[PDB]
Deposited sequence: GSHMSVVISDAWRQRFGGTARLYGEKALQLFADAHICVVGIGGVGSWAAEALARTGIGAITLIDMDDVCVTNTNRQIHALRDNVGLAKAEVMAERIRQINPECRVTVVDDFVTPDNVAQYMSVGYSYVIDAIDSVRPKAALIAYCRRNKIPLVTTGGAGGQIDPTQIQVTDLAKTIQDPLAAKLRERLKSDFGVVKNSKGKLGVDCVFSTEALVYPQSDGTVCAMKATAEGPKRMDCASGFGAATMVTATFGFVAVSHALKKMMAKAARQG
């Protein structure tokens, strides 16, 4: 158990008053991994930090680019050209200097997923944009019962109020999620239950895609909300599991 300090309580007293004290300690003791520190994952990382999560691992190899400005929290003039995960880590340490932050400067693949998951996370937030590594991460967590929430495509969507969580089998208006389902079936043997579920929780939006007016565009208001919904869902699941003993 992480020892909650007096400074921690000043930072996160609003967390305790919202989730309860038991949950404050649960979060302080958690270790959550965010894979992909982009339009969705950067805001998920931010949210975790600001809700008193005591250890966070960030996995990404990309650099901050000027084109990230429309949708990524780390995308500032002075950060362009630096490694996203490390820039996000430094920010998290400014949020909570007592958070233990680990950076994995790499992409997830079939060959390294086991090693990177071997840490033993309380949750994994999958915010990867590419379908191949995405499928590899999901298939691994799902087989190994590692708690996971995945995110669909957040581009080409303008309305944050249509974001919701459902089984990956049941998402609509999400070409990324659809390709992911195909890849999981074809490459990993993952297929629906008797109930028609893949047993993978997925943040998506019912909104129909808005085609490009350099692929689909994106907006902070939606991409960040994907990440915030993923975090709220993960924390809810962790609190329910803990109450179920």
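S.K.: Need the unmodelled segments of the deposited chain, numbered from 1, in order.
M.R.: Gaps in the modelled chain, taken against the deposited sequence, lie at 1-4, 218-238, 271.
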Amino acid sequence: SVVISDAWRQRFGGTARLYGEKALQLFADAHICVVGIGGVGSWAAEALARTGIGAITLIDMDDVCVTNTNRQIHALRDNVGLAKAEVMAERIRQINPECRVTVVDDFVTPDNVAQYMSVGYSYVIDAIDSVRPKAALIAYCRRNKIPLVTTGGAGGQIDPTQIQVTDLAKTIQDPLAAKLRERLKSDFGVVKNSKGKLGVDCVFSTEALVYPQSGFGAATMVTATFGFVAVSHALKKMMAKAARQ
From here on, numbers count along this sequence of modelled residues.
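Throughout, rigid core stands for the largest set of C-alpha atoms superposing within 1.5 Å between the two forms.
S.K.: C-alpha RMS from this form in 4 other deposited structures of this protein, rigid core superposed: larger for 109-117 or 140-148?
M.R.: Checking 109-117 against 140-148 in 4 other deposited structures of this protein, I find the farther stretch is 109-117.
S.K.: Core fit done; bigger CA RMS in 4 other deposited structures of this protein for 187-195 or for 33-41?
M.R.: This comes out as 187-195, the stretch further from the shown form in 4 other deposited structures of this protein.
S.K.: Of the other PDB entries compared that resolve residues on either side of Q213, does at least a third omit it?
M.R.: yes, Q213 frequently unmodelled elsewhere, at least a third of entries.
S.K.: On mean C-alpha B-factor from the PDB entry, just flag whether 62-70 or 45-53 is the higher one.
M.R.: Of 45-53 and 62-70, the stretch with the higher C-alpha B-factor average is 62-70.
S.K.: Mean C-alpha B factor from the entry: is it higher for 77-85 or for 148-156?
M.R.: So the stretch with the higher mean C-alpha B-factor is 77-85.
S.K.: Choose from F27, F204, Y211, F188 the residue with the greatest Cα B-factor as stated in the PDB record.
M.R.: Checking the PDB record, the top C-alpha B-factor among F27, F204, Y211, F188 is at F188.
S.K.: Of the options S122, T166, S118, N96, which has the highest CA B factor as deposited?
M.R.: Top of the list by C-alpha B-factor: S118.
S.K.: So where's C141 on the chain's Cα temperature factor ranking, which third?
M.R.: Its C-alpha B-factor, which the entry lists for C141, ranks in the lowest third among residues of this chain.
S.K.: Comparing against every modelled residue in the chain, figure out the third that the C-alpha B-factor of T109 lands in (lowest, middle or highest).
M.R.: Highest third.
S.K.: Where does the C-alpha B-factor of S130 rank in its chain, lowest, middle or highest third?
M.R.: Highest third.
S.K.: Would you mind checking where the Cα B-factor of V40 ranks among the modelled residues of its chain, as the lowest, middle or highest third?
M.R.: For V40, whose C-alpha B-factor we compare with every modelled residue in the chain, the answer is the lowest third.
S.K.: What third of its chain's C-alpha B-factors does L176 belong to: lowest, middle or highest?
M.R.: For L176, the deposited C-alpha B-factor lands in the highest third.
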